[PDB]
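Just so you know, structure 1 and structure 2 below are the same protein chain in two forms, each on its own as C-alpha cells.
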Structure 1
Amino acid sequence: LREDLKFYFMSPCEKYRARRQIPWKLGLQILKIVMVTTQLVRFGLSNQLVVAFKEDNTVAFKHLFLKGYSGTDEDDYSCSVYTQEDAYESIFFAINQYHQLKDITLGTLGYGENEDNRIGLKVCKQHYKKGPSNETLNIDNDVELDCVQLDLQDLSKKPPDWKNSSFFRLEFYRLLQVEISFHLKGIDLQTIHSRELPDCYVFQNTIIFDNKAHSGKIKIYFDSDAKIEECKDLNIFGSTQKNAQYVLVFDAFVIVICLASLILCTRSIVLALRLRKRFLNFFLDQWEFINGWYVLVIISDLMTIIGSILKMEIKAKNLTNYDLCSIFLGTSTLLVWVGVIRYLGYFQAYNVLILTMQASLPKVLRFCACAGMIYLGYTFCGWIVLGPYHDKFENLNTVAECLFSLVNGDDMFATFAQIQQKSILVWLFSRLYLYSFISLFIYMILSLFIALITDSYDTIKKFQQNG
C-alpha cells in the first residue's frame, strides 16, 4: 500500500522501472497534441482563403459603387457627404455603376436574382411623415416607407427617365435613410489550378445613406453578405470537390482520441480519489490526491470535441460563420499547449520555476483587487472629465483600455498631447490626473508585482534547498 501510494504519486520516468509499466497513457497525449495542432493549422489555412476572397470582393465593390472612395473606411462607415448635391451625386453614381457593371468590372461577376426573382435593383426611402424647413415643422413622428424596383430594361432605356422620377424628391429635412440593394454572382476561379471544381458565391449588397442623427452629415454604409450557393452551370473542365471526406474522417479521428483521453483522465481521477478514501480509512500527506492537470486536460478535450462537432456541422451545411468554432478550437489548443508544462516538471531545474508560478497567483490576484478599486475610480473620473475633450476617453471601455495601456507605459506622450487647451480648467485637471495616475501605478503598484514575484521566488528556492 505504501509502494502503491509511492507509485501513484511519482513520475512516469521512475514508474517505468516497474516490470510491466509502459508509458502508453502518456503516448496518447503525445499523439493528441500533434493531432489537435494539425487540425487547427489545416482549419486556419482553409478559413483564410475564403475570408480573403470575400474581403477582396468587398473592397472591390466599395471602389466600384461608392463615389470618391479613398480605399480606407471611416471609423464605422465607408464615407460621408455633407452637402445636399453630394448625396444626390453618390446615390445616382451607385445606380449608374450598377447599370454598367458588365463593362467596368475586372472580376468574374454577374447579376443575381433579387427578392422578387427579378434581375433588378431595389432602392427604398424612409421619411418622417407629414410633409419651410423649420419654425413650423408639421411632422408626425412615424415613418413613410417607399420603395421602387429598377430593372435593367428600365435603367437602360436610352432616356433614363428614372432620374427624373418623382421618387427622388428626397426632402432631406424629413429623410431618415435611403437604402440601395442588389445581388451579384461570383466565382473564386483562382482555385481552378488545382483542378478542383470552382465554387460560386452570391453577394447580397446594401448601401445605406444614413442620417438618423440629422446632424448635417449623411453616413454611407456598405455591407456585403456572401453565400456559397452552388455552381449553377460552370462547363470548366476538371474534377469536382470530395476532399471534404478527408476532413470529416480526420475530425472523427480527433474526436475519438479526445474522448479516449477524457476517459483515461476521468478513470485516473476515480482510482486516485478511492486511494484517498483508502488512505483516510487506513489509520488515524494532503487531502488533495487529485492531480490538478487532469482538470485542464478534461476541459481541453471537451472543448476540442464540441469544436470539432461544430466544424463538421459547418462543413456539412457549407457555412462560413466560423466565430464560435474558432473560439472553441483555439482555446482548446491554448489549454493543450499549456498542459505540456506537466512534462517539464519532471526534469528538475524547471520545478522551482513552475512552483514559483503556481505559488504567485494567490497573491498577485489578491493585489489586483486593491489595485482594481483605484483603477475603477480613475476609470470613472477620467470618463466623466476628459471624455468630451479626449479621443481615448470617449467611453468606459476605451478609458479602461487606455489606463491599462498607461500602467504598462504604452503611448504616453500622445495621451498628454491629444487634449486641446480649449478649457484651462479641464486641461489643468488632465495634467493632475495623468501625473497622479502614472506615478501611482508605474512607480509603486507596478513595482509591487516585482517585489511579490521576487520574494515568492526566494521562498521556493529556499524551501527546495532546505528540503
Structure 2
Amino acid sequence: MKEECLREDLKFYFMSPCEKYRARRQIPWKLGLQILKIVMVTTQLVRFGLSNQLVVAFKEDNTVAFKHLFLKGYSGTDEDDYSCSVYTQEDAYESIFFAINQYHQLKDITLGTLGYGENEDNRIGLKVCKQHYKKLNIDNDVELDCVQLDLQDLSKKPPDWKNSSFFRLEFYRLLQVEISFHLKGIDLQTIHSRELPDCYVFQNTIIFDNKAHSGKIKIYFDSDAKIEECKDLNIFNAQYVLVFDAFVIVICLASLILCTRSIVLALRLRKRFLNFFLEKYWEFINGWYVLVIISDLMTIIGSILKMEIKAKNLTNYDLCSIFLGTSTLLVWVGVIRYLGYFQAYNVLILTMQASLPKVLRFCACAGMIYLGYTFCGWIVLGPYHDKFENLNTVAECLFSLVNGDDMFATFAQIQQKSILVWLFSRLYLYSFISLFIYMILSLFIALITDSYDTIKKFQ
C-alpha cells in the first residue's frame, strides 16, 4: 500500500492550489499569505517613494536657490559636475567676493525662510580656506591657511576683509579656495497639515578648484542638508509607518518560514521516490521558491533599513530603495508562477527556455567581437568623439548602436580635420553595424529552423 500512498503524495504535490481544493476542499492559506504580501510590499514601496519625493524635492529646490544666490552669473543649469567656471583672475575674484557679499546680505535677499546657522565651532560666520603649493621654485607640499569671517567682520561699514593680505591669491600656485557656511531653513509647505514642520540645517561649501592648472577654475557648490529639530518655532505618524514596516517584516518572515518548510519537505519526498526507485533496479526544488526566499530576505532587509532611517532622521535612502525596488520586482515575477498554473501559459516555454542555451552561446561569441570593438573605438575615437570618451561609454554607445539609436548623430559628431581618423571612424561604424545586424538576424533564422524541429519532435 506504500506504493499507492507515495503515488497519491506526488499526485497531490504536483497540482495547483485551485485544483488541490477540487481534490480535497483544502484552503491554500499559504497562497493567501502571498496576495497579502504583494499588496503590503507594493503599498510600502509607494508610500516610501512619495515621502522621499517630497523630501528630495525640498532639498533640491533649496540647492537651486542657493546656487542662484551665491554663484555669480549662474545661468540656471550646471555646466558639468561643477556649476560654473571662470577663466580670468578678476572673474575669480568677483565670484569669491560675490559669494561673501551675498552671504553678508542674506536676510534681505532670500525669498524663503532662511537664517544663519552656527558652525561646528558654535559661531555664526563664514570660513574661507585656501591651499597653495609652498614656495618657479614651488615645493611639493601644500599650505592650508584660513580665516573666519564673522557677521561683525562683514558688517563693518569700511570692509577690512576685502583689503586683507589673505585674498591675494597667487593663482599660479593656487590649488583651490573653499568657502563654508551653515544655513537653517524651514519647509512651511508642511504646516497646512497641522504637522509641525521640519527644520533643516544646510552645510554649504563653494569650492573654487583649479587642480588642473589649465587656466580654468571650476566652481563646485555642494549642499548637505540634515533634519535638525526646531528650536525657535511656535505655530497654533512616526509610530504608524513603523508599525506598518514591522507588519511587512512579519508577513515576509512568515512567507520565508513557509517556503523553507516546503523546500525541506520537498527533499523528503525525493528520498522516498529515490529509495523506491533504487529497490526495483530541480523539478522538486521549485526554483520559484528560491525567488520568493530572496525577495523575502530583501524586503526584510529594506524594511529594517527604512526603520533605521526613519528612527534617526536620515535623508540618504539609496541602499534602502535598491533593496525595496529589487524585492518588489521579484514579487511581481512571482506573480507569473501563479499565472503559470493554467496550462495555456506554457507551450511557448518549450522555446523560451530551450532557446536560452543557443542565445547564451551566441552572446559568448558576439561578446568577444563586442569587447574588441569597444577597445578599438575607445583607443581610436576616444579623443575625437564624446560618446567614446571612456570604455564604459563606448560599451553603452555600441549597445545603443546595435538598437538603432543616434546613428546619424554618432556619424556626424566626429570632425573631419583629421582625415585618417575620419575614414577609420566611417569604416569602424559601418563594419560594426553591418556585422552585428548580420549576426543577430542569422542567430535568428537558426533559432527558428531549430524550434521548428523541436516542436515537430515534441508532437
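Just so we're on the same page, rigid core means the largest C-alpha set that superposes within 1.5 Å between forms. Here, residue number means position along structure 1's sequence, counting from 1.
No residue in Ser268, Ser360, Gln190, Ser326 other than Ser360 shows a CA shift of 2 angstroms or more between structure 1 and structure 2 after fitting the rigid core. Once the core of the two forms is superposed, the Cα of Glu401 has moved 0.6 Å between structure 1 and structure 2. Core-based superposition between structure 1 and structure 2 puts the Cα shift at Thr454 at 8.2 Å. The shift recorded for the CA atom of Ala18 between structure 1 and structure 2 is 3.1 Å, with superposition on the rigid core.
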